[PDB]
Each structure stands twice: as C-alpha cells, then as structure tokens.
Amino acid sequence: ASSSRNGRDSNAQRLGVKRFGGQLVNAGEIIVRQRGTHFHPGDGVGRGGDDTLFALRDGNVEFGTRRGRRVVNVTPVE
Amino acid sequence: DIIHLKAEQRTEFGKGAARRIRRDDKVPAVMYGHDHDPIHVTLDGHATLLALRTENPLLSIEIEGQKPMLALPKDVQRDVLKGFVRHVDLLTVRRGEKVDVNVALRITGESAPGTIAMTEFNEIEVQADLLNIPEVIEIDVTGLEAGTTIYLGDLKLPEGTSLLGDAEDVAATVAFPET
Amino acid sequence: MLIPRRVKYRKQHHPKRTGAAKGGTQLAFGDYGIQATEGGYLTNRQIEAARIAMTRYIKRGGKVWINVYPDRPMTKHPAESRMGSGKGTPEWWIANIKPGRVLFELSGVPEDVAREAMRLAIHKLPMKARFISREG
Amino acid sequence: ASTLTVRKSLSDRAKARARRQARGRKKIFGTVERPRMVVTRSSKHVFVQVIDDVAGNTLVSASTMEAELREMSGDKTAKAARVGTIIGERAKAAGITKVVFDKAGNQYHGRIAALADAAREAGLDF
RNA sequence: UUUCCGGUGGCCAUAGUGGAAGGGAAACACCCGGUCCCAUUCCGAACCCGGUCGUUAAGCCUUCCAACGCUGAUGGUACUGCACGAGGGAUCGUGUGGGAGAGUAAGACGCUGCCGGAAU
RNA sequence: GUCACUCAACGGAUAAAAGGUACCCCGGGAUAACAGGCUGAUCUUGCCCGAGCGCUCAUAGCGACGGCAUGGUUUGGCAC
RNA sequence: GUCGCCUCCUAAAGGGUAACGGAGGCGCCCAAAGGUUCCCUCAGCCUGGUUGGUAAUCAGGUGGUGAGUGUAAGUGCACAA
RNA sequence: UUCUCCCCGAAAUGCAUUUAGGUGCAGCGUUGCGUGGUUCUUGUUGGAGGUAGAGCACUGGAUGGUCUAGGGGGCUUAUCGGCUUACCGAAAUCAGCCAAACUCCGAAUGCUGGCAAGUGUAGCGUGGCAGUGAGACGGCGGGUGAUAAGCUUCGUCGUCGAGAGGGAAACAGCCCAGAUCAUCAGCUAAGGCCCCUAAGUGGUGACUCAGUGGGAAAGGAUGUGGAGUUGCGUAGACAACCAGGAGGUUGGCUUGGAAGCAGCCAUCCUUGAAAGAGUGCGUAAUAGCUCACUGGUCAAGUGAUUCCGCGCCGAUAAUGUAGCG
Ligand SMILES: [Mg+2]
Ligand SMILES: [Mg+2]
Ligand SMILES: [Mg+2]
Ligand SMILES: [Mg+2]
Ligand SMILES: [Mg+2]
Ligand SMILES: [Mg+2]
Ligand SMILES: [Mg+2]
Ligand SMILES: [Mg+2]
Ligand SMILES: [Mg+2]
Ligand SMILES: [Mg+2]
Ligand SMILES: [Mg+2]
Ligand SMILES: [Mg+2]
Ligand SMILES: [Mg+2]
Ligand SMILES: [Mg+2]
Ligand SMILES: [Mg+2]
Ligand SMILES: [Mg+2]
Ligand SMILES: [Mg+2]
Ligand SMILES: [Mg+2]
Ligand SMILES: [Mg+2]
Ligand SMILES: [Mg+2]
Ligand SMILES: [Mg+2]
Ligand SMILES: [Mg+2]
Ligand SMILES: [Mg+2]
Ligand SMILES: [Mg+2]
Ligand SMILES: [Mg+2]
Ligand SMILES: [Mg+2]
Ligand SMILES: [Mg+2]
Ligand SMILES: [Mg+2]
Ligand SMILES: [Mg+2]
Ligand SMILES: [Mg+2]
Ligand SMILES: [Mg+2]
Ligand SMILES: [Mg+2]
Ligand SMILES: [Mg+2]
Ligand SMILES: [Mg+2]
Ligand SMILES: [Mg+2]
Ligand SMILES: [Mg+2]
Ligand SMILES: [Mg+2]
Ligand SMILES: [Mg+2]
Ligand SMILES: [Mg+2]
Ligand SMILES: [Mg+2]
Ligand SMILES: [Mg+2]
Ligand SMILES: [Mg+2]
Ligand SMILES: [Mg+2]
C-alpha cells in the first residue's frame, strides 16, 4: 500500500507570558517562558539560561519599550 | 458641466446604518477638503448613478440647511457584480482652482493588419483645471507598425491639462499579432 | 497546460473558497474580459480549453491574458485503497476563483466577435461567468 | 539627543567612538546609589559629569575649561588628573561615595586612567 | 534672563534618506607630530601620547526643499461575538455589538530633560 | 561520588524465547467475507458548448478540448 | 510502516488539542565552539588591479541585515548572541 | 444479582500501560469536617498575541509590458568585427495577482489582572464511597477523503445518552420546553387556524395558473408582473400592401462550376428619391423566387437593452398513486 514519512512531533513546551501587565508578583516569580528574546529583561527583571524572564523583585509587571527593545519591567510596589 | 445632487445629513454610522440606507435606496458619501471638517451625507441612489455614469464629473452638493458646494468624486466604491454605487468619497474643490485627476486612454488609430495597438494603462494622472475636465485623452497610432512603443511624455494633451504622472514608462504599444 | 515549475509544498490544504474576490476584480490589461460570478476551483485543463476556444475564434488578431494561474496542487488518494496511509500524490492543479474575479482578458478585437469568443470560453468553465468591458 | 543608530555621514572616528560608547553603556548605567561618571575626552579638554541615569540629570561635573585650571601649567595627563581630583572633591561634597566609570568609547588609559585614579584617591569608591 | 554652541539622556524615521545655502566667540573637529605611557594579527591609518599652528573642505551646527521613505484620519468595505435566516450544494444574507488592512484628505525636513561653554 | 542497559516496544512484563494448525477446541456485528443501508470516486445513462469530420454542408450522421447531472447494476469507500 | 526526544504547520491571535495528517531533525559535538575582558562588522553589488578566471588576495565606492550562528527548525541576535 | 421511598447526580476525556472492550492516576459524582464570597455573570480598566481579513516589506509561486546582461541561428563570413538579433532570455523595473508551514500589517472573540455591581449558594482545603475512561447527531471553526459518506479525526456549544411533555406525518441527537402530586380553570412557546385536527373556508395590497406550492444542475426559452437605460417615430415609426430591389461585375488563389452564396478578403465606384463584388430559399454551374433601402392608402407608438419578483424546459426505474402525511 503506502506509508507516511511523517508522524513525529515534539511534546508541548507551554511557553508564553505567565504574568500579564499589572499582575502582582513576588521576587523570583517567572514572568515569561520563551525561546530567544522576544521580550528583553527590563527593570527589576532577570533573564535565565533558557531566556525565561523572571522577577528580580516584588512589584507589578508592566510591558514596555526600553530604547529599541520590547522589555518587561517589574515596578516596585508602592 | 455641473451636476446637482440633493443630500441630507447622515448621522448613523456603521454597517447596519449603511445597509439600512442602501435598502432605502440611497448611498452614503463623505465629503472632505483642505479647509473644513468632513461632512457625512446620503445621496439619492438613482441620481448618484446617473451622475457617476461619466468619469470625473463636477458635482454640486445641496443640503437644505447648508449652501451648495462643489466636489469631485475621488473614490467611488461600486459593487463588483452589480453596478450599484456603494459609497462615495467627495473631495471639495475651490471653484477657481486646479486639480489632479485621471483621464481615460483610448486608441483611435489603425495600422497594418499584422500589428494591433495596445494600451499599457487604463487611466493617466493628468493635472487639469476644474471647468475643463478632459473626458478622454486620445492618442492616434495610424501608419505606425512593427515594435514601436509610446511613453507618457509625448501626448496631444489639451490646453491647461499638465501631466503629473511619470513620463519614463510606456503607454501605448503596437506589435505583431498574438502569434 | 499551466503547471508551476516548482512549489514549496506539494501537499497542501484545500484552498478557502469563501468570500468574494480578494483582488483582481477589474480589467488590467485588455479591453474585454471574463468575470466569474461564482466561486470555485478552476483547473489547468479548463483554463486551457477556454484559452484555446478564445484564440481559435479570434483567429490571428487580438491578444489574450490569463489572469489566474493553477498553482495550487490537489492530491488524489490512491485508487481502490482504504482511507489512511498518508496524503496522496498531486493530481490536479487549480486556481482559487471567487466571485468578481476577472479570469481572462482580450484586446485588439471588435466587440461583437470578442463577445462571441468570450461566450465560447465561458461554456467551458465550471462556474458561472459573464462578459465585461470598460463600459465600451 | 540619542537615536540608537549611529548617524550616517558621521566621520569614521566619530562612528567608531559612538559604537564603542554604546557598547560600554550597554552594561554601564548610573543609579542613585552608584551614579555614572562619564568622561568625554576631546582633543584639547576632558569633561566629566556624574549622572543619575534614572532621572537623566548630572549631579556634579568638572572640566579643564574651568578658569581655575586653564592657566594651570602642565601636560594633558596632569591636567586630567587635576580634573579627577576636583570631581572627586565635588562628589564627596555631594555625598556620592561610589560611582561607576564610563569611559565613553575610549580606552581606559592615559588621560582617562589618570583622571579615574585621581578620583579614586579623592575618595570615590570605584 | 535670553540667545548660540559643546556634552549626556528620553521618544526611537513626524526624527530617516537625498538635494541646496550658510556658519565657527568658547567649544567640537579635522589637522601637526611621535620624543615619552601605549599601539598595529603589516601600517602612529586606528588606538595612545604631545601640541593647538593651520582649516571651516568634511564631521558637527543653522536655514531651506515633500523629492524617496516615514506618519495618517473621517466614511465605507472585509472579517467577526451573539441571535437568526436562505440555498440541491460549493456557500450566502440579515438583526444586534465590535471593526480592520489597503486606499483617500492630510502631517512631517523632529520633539524633550539635565550639565557645560561664550555672550547678554 | 561515580560506573554497567539500541531495557530504542525508549514509565523500562523474565537474567533468558521462534513458528504451524484446513485435525483444531473454548467472546465480538466493539471487527472482516455475503446480503441490506449511506456515499457515487469508478462504472453507467444522458445533457450543455461546437473545434472538427462529413462534395458543399457545425448538428443526414457523427462530437475533439472542456462543462453539468441521472441511475445505483460495476469495482470501491464507510463499518450502521 | 510506526513506537522515545526536538522544531515548524495543522492548532481556530494565551496554554492545550487528534489522524497510518503535512515538513524536517536527535541518540552528538567543542579544552574551545566554555568563562571573562577589549576590539570588529557582514553578504551582495559596482570600479581598478601580476599570475587570477563569475568567484582566492588588494584598493576605493556602495550596502544595515538579504551574511553569519558546530548541528534540524522556529524564536532570537548588527547593542551583536 | 431479588423490597420501597426522599435528596443529589455523572462519564464515554487527559496521561501511562505486553496497553487499546482491561487497569492505575487525574477529570467529572456524592458525602463528613473545615474555610466563607475566594467561584460565576455583566460593566469598566490594563495587559501578551498574529488567527480571520488584508497585504506584497521578506521567502516562494505568477501574468503581461518595458528594458537587458547573456545565450541560440545566420550570413560578410568570423581571431576579431559588423549586420543582424525581426528568435530565447536571467536580472532589474512598471502594472495586476497567489500562499496551512509568507508577513510591512491586523481584528472580533478568547485568555489573564485591577475595580465596581449583581448572584445561585457558587469556590477552595482535607477525609469516606464511587461510577466512568465503546459515545451519538446537530450548529459553528478545521485536518483526512473526491467540494463523498448517517465517513473519519480534533476545537467549541447544544441536545441525546440519563429527558417525559408540545412541534417536526411517523422519526434517540432538530425546534419549543426540563414532568413534586391533584384539577372537567386561565395565559402562552415552537408550530399552527378548509376537513382529517384544537383554532380564520380572517381583513387589506400585490404575485403565481406551474397543482409551481408539494426535490435537483450546467444550460435553454417572445411565460408573466415590475423597475430602468436607450435608438427610432404624425420631417411620419414597426408590420401589412403596390413600383425601383440593379449597371461596370462571370472582382480576384481555387474548382470541368464559384457569375450572389466552396472556404479566405481591399469590405469600392455608378443611372440616382434606391440598394449589399451580396445577407436567406434555389441550386451540376448561371438562373430566379426574396430582403435591408428607395414613394404611396393606412398609421399610434414601436425597436433594442439591462436588472428585479414568481413561474417553464432540462426532469429520468423497477409490488401500488407513492417527492403536500
Ligand atoms: Mg547561558
Ligand atoms: Mg544550557
Ligand atoms: Mg492590489
Ligand atoms: Mg493610512
Ligand atoms: Mg484604517
Ligand atoms: Mg512506552
Ligand atoms: Mg526485565
Ligand atoms: Mg489436506
Ligand atoms: Mg466457538
Ligand atoms: Mg457495526
Ligand atoms: Mg459493540
Ligand atoms: Mg457490504
Ligand atoms: Mg438484512
Ligand atoms: Mg455497494
Ligand atoms: Mg471499514
Ligand atoms: Mg465509527
Ligand atoms: Mg496556540
Ligand atoms: Mg484559541
Ligand atoms: Mg484527544
Ligand atoms: Mg436533580
Ligand atoms: Mg487568508
Ligand atoms: Mg477514575
Ligand atoms: Mg480504554
Ligand atoms: Mg476512548
Ligand atoms: Mg472513538
Ligand atoms: Mg469524540
Ligand atoms: Mg460534531
Ligand atoms: Mg474537509
Ligand atoms: Mg459520524
Ligand atoms: Mg450507556
Ligand atoms: Mg439531558
Ligand atoms: Mg423528548
Ligand atoms: Mg414528537
Ligand atoms: Mg407525534
Ligand atoms: Mg389564548
Ligand atoms: Mg408564535
Ligand atoms: Mg390522527
Ligand atoms: Mg375568502
Ligand atoms: Mg384567506
Ligand atoms: Mg412540470
Ligand atoms: Mg412538484
Ligand atoms: Mg430547476
Ligand atoms: Mg404534513
């Protein structure tokens, strides 16, 4: 008959933004899982080995632009 | 010539309002210019179709409360299958003034039966005056055959109608038949 | 028969056949033309039949433009076989026609014989179509 | 006036200095705790300013342009060292203590290094 | 206080690209050297050092030019949540909310903060 | 702390394993062969267009390229 | 024919989502191809030039990402990763 | 797999499986205890996006035009060099296009925070007990398949499953609506009101004459109503009816014949109020019959053309009308 040379696929990795704008986060809380820097680390946000953006401090998450880059900041809580 | 159209204020906007107007057998139009805010009006469908039969006519819009004012139909959205006018963009003109418009190219020349004249454009942007709008721009290719081509910088344009488009591209072509 | 030299992917999903014509609803090259009033798939064999009809009727004069191109491949399941075992091999090449699309254009021919040639062509197409002109 | 992209038609030396300055600024950034010391080393003068990059303002500054130093006879390196001592004194006056040094696209050497060491001796923590 | 200019940010083309004209008081710059720290995968070109004579030719700066690019409504259309409806069928229509892309008028030859300079 | 598995049938039945049954024996229409049902690709019977063939003459009679359907009797698809 | 892992599409703008659906990869490699610090900007194109040719090396001009990335693809990266 | 009633009430999915009709865990049920608005709906306000649509900046696909490097064919004749390049033609450029694995763009929804209001008594934690892990059809958005299946495989909502009652002739999955019991009360939903069959052979205005209604396509048709656009017309239109309906010219390649009729063309001139190298019928081949156009008695509307409403043909299987019940 016939057969397919396809049928392989990788497991779902579950990327994407995990905390949206204004959401209160704790220090170290993961903000976005991603491959490559679609979002760059902004103020109060660190970037991990697999390009995960996480919170360096408590506060509220905001998405903005720092110079020419899309960045994610954590504004310290009032 | 001046074509007079009666219009009244349009205040309901959106697809529902436009559908209701077209079912009422009118046509929406927006009339804008370089001096005043856009005016949203509705026109009679039959009168609009009759006026827009010709290309680049000079319309006078009369609103009962307002005064008649002179415009040109710059963008006419017509139905594709049916010929109905779906929407009109009216651009206001200041009587004594100048305008940029498109005039239709046509062939009125005859060559040897081997070669047939062809038009490389439907319309050409020609800067003319309001009161003398060229209905058609005519180019005659008679006695010319082979592979001669005509660009946009050599036309028998009527007086007062300067060329605004590029003059470094071809407009008319005569070449052997579809061999 | 119009067949593309190559395509990125030979096995593709069926083209969307919803909506009106995305573009190319107006004459761009010729004086007269065929405008499809209904959507559908237009195979290269149908395109060739219509083009042959138009050219043969207009004889030597005038020129014909084929506005659409059958660049979408259609696979066929292997004959007499149960469902499954992957997608088939491309067997047909079609163009995605939507209402208002200008299919063929003609120039350099008087209007009456142009109309007759367009009628000959239209009787070969699988969807309803009409003769259009630049208002003469 | 900053525009990311290096201005086209700029002279080759100016483009090189701008690129090097940008790549240093990529990690150099002045906060209230540790403001950014920027030294512009022109061919005839050095201009130093301590900037709070968060607010975008200069806290203290100095230069060879000052009349107290214009007639101070000495070599370019000595004049830069005097400027470094002055800027360190003013930083102590303003209560800065610790700064971050921004060479502004120049090699840390010669006049820039002399000014940096002069500020360090004056008492800036960097 | 103002004007002009040099640095250093912010917005990241309404700022760019290209063309034209003009300017240097401080300043910037090219420029002049390489003895000295230092330097070239060769080269004092660059980096660095020593000068500020020479020069506004260029960078830079000012004015002008919508020309390429960029920005860009209103209205309409596509699509669409919900509720229905019509065709033998591809599929299509309406009500009620939302509503583009393109195109059109148009905008635009940047804006703004801090520090320093020379004059007022 | 680290090492030894193509335990790759990769959550890894045993350290260790191929076949025949028409001599066969002991739940499923959850699932095949027959018939019915749906479908109509294929098949079948028509039809539209008319290049052409028919001294001449598209249509006495034929019908290229293409198009639209009927029937459900062919081969299939589905597995009700 | 397939069985684990990775990338894309299907997947209906979070995530997830099946078919013997559509495309490819993996079972490594590198003592630098890791760390850090400083420096640099490509491909293409045009012109000139011993051997030398479309294309080796050189010069000038142009050119912002179209080159490049150990290895698939995507997301990234010229601030360079 | 055996008595009753009261309250609540599923699943046919995910993952793994020597697993696929089994089973474990999770999901969904119930129940004890605990925690109490945390759930949910709507509004408002803020986020990330790349689908629909659209677009051509990129990557591929593509049509025509311009232009052209460079290849092909020739000669003069070639080492060139020239004529050619009337052929091919990358690239560039102009205009129109195409895309699940293209994007300079980009919704609606959805998702996820803040706030406000509303709200059944929702949500959550932790124990006891499960069942289920064969789904079906319909709407919408997709893959497989042929624009197939009451097909298959996903997303999502609904019903059925596990749902009686009303409607659909009958008719699990469609529409209306969720049955606590009684009632020989009333109002409605979907659907209906000539009779079967409860309620109008309802009122008013149009259309149909096909029993269309009460199945179907490409295509075809002086069906019929309505709405345009446009040519001609009492300088007298269209028909009907009396005279001119022909010279030069048997125009030319044909074909013993193409003289007006085999096929293909410059598609002219004239005695003139009038005519076509020429349209039908006739015809071995010419003849001729007869039309547009030329006058007249008559003459009031004709001739195109488009779109819209409802109809017509195409229409076509086997027990018995038998495709309104
Ligand atoms: Mg790392
Ligand atoms: Mg790592
Ligand atoms: Mg377009
Ligand atoms: Mg715009
Ligand atoms: Mg817009
Ligand atoms: Mg396993
Ligand atoms: Mg074992
Ligand atoms: Mg035997
Ligand atoms: Mg048995
Ligand atoms: Mg069964
Ligand atoms: Mg069963
Ligand atoms: Mg069977
Ligand atoms: Mg049976
Ligand atoms: Mg069968
Ligand atoms: Mg089966
Ligand atoms: Mg099944
Ligand atoms: Mg997703
Ligand atoms: Mg979604
Ligand atoms: Mg599943
Ligand atoms: Mg209950
Ligand atoms: Mg699309
Ligand atoms: Mg369970
Ligand atoms: Mg199971
Ligand atoms: Mg199952
Ligand atoms: Mg199943
Ligand atoms: Mg299912
Ligand atoms: Mg379903
Ligand atoms: Mg499908
Ligand atoms: Mg099914
Ligand atoms: Mg059951
Ligand atoms: Mg139920
Ligand atoms: Mg029921
Ligand atoms: Mg019932
Ligand atoms: Mg019943
Ligand atoms: Mg009642
Ligand atoms: Mg009712
Ligand atoms: Mg009964
Ligand atoms: Mg009655
Ligand atoms: Mg009645
Ligand atoms: Mg009948
Ligand atoms: Mg009937
Ligand atoms: Mg019919
Ligand atoms: Mg009935």
Side-chain angles (χ1 to χ4, degrees), chain A residues 3-4 6-7 10-12 14 16-17 20-24 34-38 51 63 65 67-68, chain B residues 13 15-16 18-19 28-30 32-34 38 40 74-75 77 86-87 89 91 120-121 147 149 169-170 173, chain C residues 4 6-9 11-14 17-19 22-24 28-29 39-41 45-46 48-50 52-53 56 65-69 71 76-77 79-80 82-87 96 120 123-126, chain D residues 1-4 8-11 13-14 16 20 22-23 26 38 40 42-45 47 49 51 53 55-58 61 63 65 75-77 107 109-110:
Chain A
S3 70
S4 178
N6 315 307
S10 81
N11 283 323
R14 291 138 170 104
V17 170
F20 294 92
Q23 208 158 335
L24 188 73
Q34 60 180 5
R35 304 271 94 90
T37 64
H38 179 90
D51 310 307
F63 286 80
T65 307
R67 280 164 61 97
Chain B
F13 299 122
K15 62 164 186 301
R19 286 180 195 156
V30 64
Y32 50 84
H34 52 79
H40 310 110
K74 191 167 187 64
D75 168 1
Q77 288 150 42
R86 294 178 64 88
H87 184 260
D89 282 22
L91 173 61
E120 280 287 305
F121 290 108
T149 181
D169 63 69
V170 298
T173 48
Chain C
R6 45 149 303 181
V7 294
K8 182 67 181 294
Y9 299 106
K11 321 212 185 177
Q12 305 177 17
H13 292 166
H14 279 81
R17 66 186 94 95
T18 60
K22 191 166 165 281
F29 315 91
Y41 291 160
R45 302 172 78 219
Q46 298 153 348
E48 182 65 26
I52 289 282
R56 183 177 292 171
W65 290 266
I66 311 292
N67 296 115
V68 304
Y69 200 86
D71 69 276
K76 187 199 162 96
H77 198 55
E80 301 286 65
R82 307 219 159 106
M83 322 283 302
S85 312
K87 208 166 170 63
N96 208 15
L120 270 295
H123 278 301
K124 313 270 158 177
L125 303 170
Chain D
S2 59
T3 59
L4 278 73
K8 184 178 184 293
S9 78
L10 213 68
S11 50
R13 306 183 80 264
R20 298 196 286 271
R23 89 160 57 94
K26 167 200 277 207
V38 194
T40 305
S42 58
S43 68
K44 288 165 71 170
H45 298 273
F47 176 57
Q49 37 181 348
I51 300 158
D53 269 314
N57 56 355
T58 287
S61 76
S63 68
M65 293 179 184
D75 184 359
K76 273 181 189 174
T77 300
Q107 184 178 2
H109 191 46

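Per chain, numbering begins at 1; letters A, B, ... match sequence-line order. Atom set for the values below is all heavy atoms of this structure, side chains included, hydrogens, waters and symmetry mates excluded.
Aromatic stacking is marked for C/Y9 over H/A101, as both cut-offs hold: 5.5 Å for the centres and 30° for the planes. For E/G76, the base is not stacked against the aromatic ring of B/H87, per a cut-off of 5.5 Å between centres and 30° between planes.
Put simply, C/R82 has no side-chain N or O that comes within less than 4.0 Å of OP1 or OP2 on H/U152. Contact between the side-chain N/O atoms of C/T18 and the OP1/OP2 oxygens of E/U91 is not found at any separation under 4.0 Å. The shortest distance between the side-chain N/O atoms of C/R45 and the OP1/OP2 oxygens of F/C65 is not below 4.0 Å. Side-chain nitrogen and oxygen atoms of C/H13 include none within less than 4.0 Å of the OP1 or OP2 phosphate oxygen of H/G142. Phosphate contact (OP1/OP2 of E/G117, side-chain N/O of D/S61, threshold under 4.0 Å): absent. At E/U17, none of the side-chain N or O atoms of D/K8 fall inside 4.0 Å of OP1 or OP2 (strictly under the cut-off). Side-chain nitrogen and oxygen atoms of D/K26 include at least one within less than 4.0 Å of the OP1 or OP2 phosphate oxygen of G/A81. Note on C/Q46: a side-chain N or O is less than 4.0 Å away from OP1 or OP2 of F/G67. Between A/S10 and the phosphate of G/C5, there is no side-chain N or O to OP1/OP2 separation shorter than 4.0 Å. For C/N67, no side-chain nitrogen or oxygen approaches OP1 or OP2 of H/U63 to under 4.0 Å. OP1 or OP2 of E/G95 sits under 4.0 Å from a side-chain N or O of B/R19. For G/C38, the OP1/OP2 oxygens have no side-chain nitrogen or oxygen of D/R20 closer than 4.0 Å. For C/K22 and H/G53, the shortest distance from a side-chain N or O to OP1 or OP2 is not below 4.0 Å. Residue D/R13 places no side-chain N or O under 4.0 Å from the OP1 or OP2 atom of E/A29.
Without hydrogens or angle criteria, D/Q49 side chain to D/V38 main chain gives no donor-acceptor distance under 3.5 Å.
As judged by a 4.0 angstrom heavy-atom cut-off over every strand, D/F47 is placed among the base-contacting residues. B/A18 comes within 4.0 angstrom of the backbone, heavy atoms only, and of no base. Residue contacts shown for C/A50 are absent, as no nucleic acid heavy atom lies under 4.0 Å away. Residue contacts shown for C/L120 are limited to sugar-phosphate atoms, with no base heavy atom under 4.0 Å away. Residue contacts shown for B/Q77 include a base, since a base heavy atom lies under 4.0 Å away. Note on B/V30: a base of the nucleic acid sits closer than 4.0 angstrom, heavy atoms only. At the heavy-atom level, D/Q49 lies under 4.0 Å from base atoms of the strands shown. Using a 4.0 Å heavy-atom distance criterion, C/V7 is classed as making no nucleic acid contact. In this structure, C/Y41 reaches the bases: a heavy-atom distance under 4.0 Å links it to at least one base atom across the strands shown. The residue A/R67 sits close to a base: some heavy atom pair falls under 4.0 Å. Across all strands, D/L4 comes closer than 4.0 Å to base atoms (heavy-atom distances). Using a 4.0 Å heavy-atom distance criterion, C/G19 is classed as a sugar-phosphate-only contact.
For C/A28, the side-chain atoms get nearest to H/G96 when compared with the rest of H/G96, G/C5, E/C114. Distances from the side chain of C/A49 to the nucleotides G/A23, F/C65, E/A29 place F/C65 closest. Out of G/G1, E/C114, F/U75, the shortest distance to the side chain of A/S3 is found at G/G1. Side-chain proximity of D/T40 to G/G22, E/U8, E/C114: nearest is E/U8. With E/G59, H/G49, E/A27 as the choices, the nucleotide that has an atom nearest any side-chain atom of D/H45 turns out to be E/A27. For A/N11, the listed nucleotide lying nearest its side chain is G/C5; candidates were E/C60, G/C5, E/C12. Distance from the side chain of D/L10 is smallest to E/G59 among E/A27, E/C12, E/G59. With distances taken from any side-chain atom of A/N6 to the nucleotides H/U66, G/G22, H/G47, the minimum falls on G/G22. Among E/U104, F/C65, H/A48, the nucleotide with an atom closest to any side-chain atom of B/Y32 is E/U104. Here the side chain of C/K76 is nearest to one of H/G61, H/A146, G/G21, namely H/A146.
Under the 5.5 Å centre and 30° plane thresholds, G/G44 stacks on its strand neighbour G/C45.
Counting atom types as modelled, B/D89 pairs a side-chain N or O with a base atom of E/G75 as donor and acceptor under 3.5 Å. If you check distances only, the side chain of D/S2 does reach the base of E/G10 with a donor-acceptor pair under 3.5 Å. Between the side chain of B/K15 and the base of E/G98, at least one donor-acceptor pair of N or O atoms lies under 3.5 Å. Checked by distance alone, D/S11 brings no side-chain donor or acceptor within 3.5 Å of a matching partner on the base of E/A29.
With sequence neighbours left out, B/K74 forms a salt bridge (charged side-chain N to carboxylate O under 4.0 Å, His left out) with B/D100.
With a 3.5 Å ceiling on both atom-pair distances, H/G260 lacks any Watson-Crick or G-U wobble partner. Base pairing of H/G64 is made with H/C94, judged by Watson-Crick or G-U wobble geometry with both donor-acceptor distances under 3.5 Å.
For H/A62, the torsion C1'-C2'-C3'-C4' is above zero, which places the sugar in the north, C3'-endo range. For G/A33, the torsion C1'-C2'-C3'-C4' is below zero, which places the sugar in the south, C2'-endo range.
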Nucleotide N/O to protein N/O under 3.5 Å, stretch nucleotides 49-54 of chain E:
unit_1: E/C49; atom_1: OP1; unit_2: D/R111; atom_2: N; d: 2.7
unit_1: E/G50; atom_1: OP1; unit_2: D/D75; atom_2: OD1; d: 2.7
unit_1: E/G50; atom_1: OP1; unit_2: D/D75; atom_2: OD2; d: 3.1
unit_1: E/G50; atom_1: OP1; unit_2: D/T77; atom_2: N; d: 2.9
unit_1: E/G50; atom_1: OP1; unit_2: D/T77; atom_2: OG1; d: 2.7
unit_1: E/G50; atom_1: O5'; unit_2: D/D75; atom_2: OD1; d: 2.9
unit_1: E/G50; atom_1: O3'; unit_2: D/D75; atom_2: OD1; d: 3.3
unit_1: E/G51; atom_1: OP2; unit_2: D/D75; atom_2: OD1; d: 3.4
unit_1: E/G51; atom_1: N7; unit_2: D/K76; atom_2: NZ; d: 3.4
unit_1: E/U52; atom_1: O2'; unit_2: D/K44; atom_2: NZ; d: 3.1
unit_1: E/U52; atom_1: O4; unit_2: D/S43; atom_2: O; d: 2.9
unit_1: E/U52; atom_1: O4; unit_2: D/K76; atom_2: NZ; d: 3.4

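Summarising the geometry of C/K124 relative to C/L120, their closest heavy-atom pair is CG-O, 3.4 Å, with the distance given to 0.1 Å.
Taken as a pair, H/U51 and H/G22 do not qualify under the rule of Watson-Crick (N1-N3 plus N6-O4 or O6-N4) or G-U wobble (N1-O2 and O6-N3), both under 3.5 Å.
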Quiz item: Dot-bracket for RNA chain E, 5' to 3', with Watson-Crick and G-U pairs under 3.5 Å, [ ] for crossing pairs and | for other-strand pairs: what is it?
Solution: .(.((((((((....((((((.(......(((((...(.....)...))))..).....).)))).)).((.......((((((((....)))))))).......))..)))))))).).
